[PDB]
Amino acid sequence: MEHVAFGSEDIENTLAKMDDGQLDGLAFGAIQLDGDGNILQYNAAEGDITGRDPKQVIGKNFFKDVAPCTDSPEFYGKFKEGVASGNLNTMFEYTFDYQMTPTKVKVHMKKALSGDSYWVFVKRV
């Protein structure tokens, strides 16, 4: 298990060093997303939380294909402002309900160190 805390101010430097099986060590959900919303990385914890198979969802689009309930102004809309402005750090609660038992989570979107990448982190509430 890799010792990083959900919500750490410097999270993005830390994860920068982390490869896929290292990201599978985290204590929480972790998705890395391009500027358009396509899934580049996806850890086991998010698999555990949502039912999804990590390796299959890489390549698909989070908002269009994977998770339509986040296609809304309260979530996607947040993401799209971020990417456009070139900065995103926000935290909120939300309920994922698509093709699953509804699960309330805490959600943290934050811009990765790397060029045009963006992090989506998640844990149960």
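So that the term is clear: the rigid core is the largest set of C-alpha atoms that superpose within 1.5 Å between two forms. Note that residue numbering follows the sequence shown and begins at 1.
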Legend entry - Positional deviation of Cα atoms in 8 other deposited structures of this protein after core superposition, greater for 26-34 or 61-69: 26-34
Inset, instruction - Return the residue from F62, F28, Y42, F79 that has the highest Cα B-factor in the entry. - result: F79
Inset, instruction - Compare the C-alpha B factor of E46 with those of the other modelled residues in its chain, then answer lowest, middle or highest third. - result: lowest
Inset, instruction - Could you tell me which third, lowest, middle or highest, the C-alpha B-factor of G86 occupies within its chain? - result: middle
Inset, instruction - Ordered by C-alpha B-factor within the chain, which third holds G37? Give me lowest, middle or highest, please. - result: middle
Inset, instruction - Divide the modelled residues of the chain into thirds by Cα B-factor and specify which third, lowest, middle or highest, holds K106. - result: lowest
Inset, instruction - Relative to the other modelled residues of the same chain, rank the CA B-factor of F121 and answer lowest, middle or highest third. - result: lowest
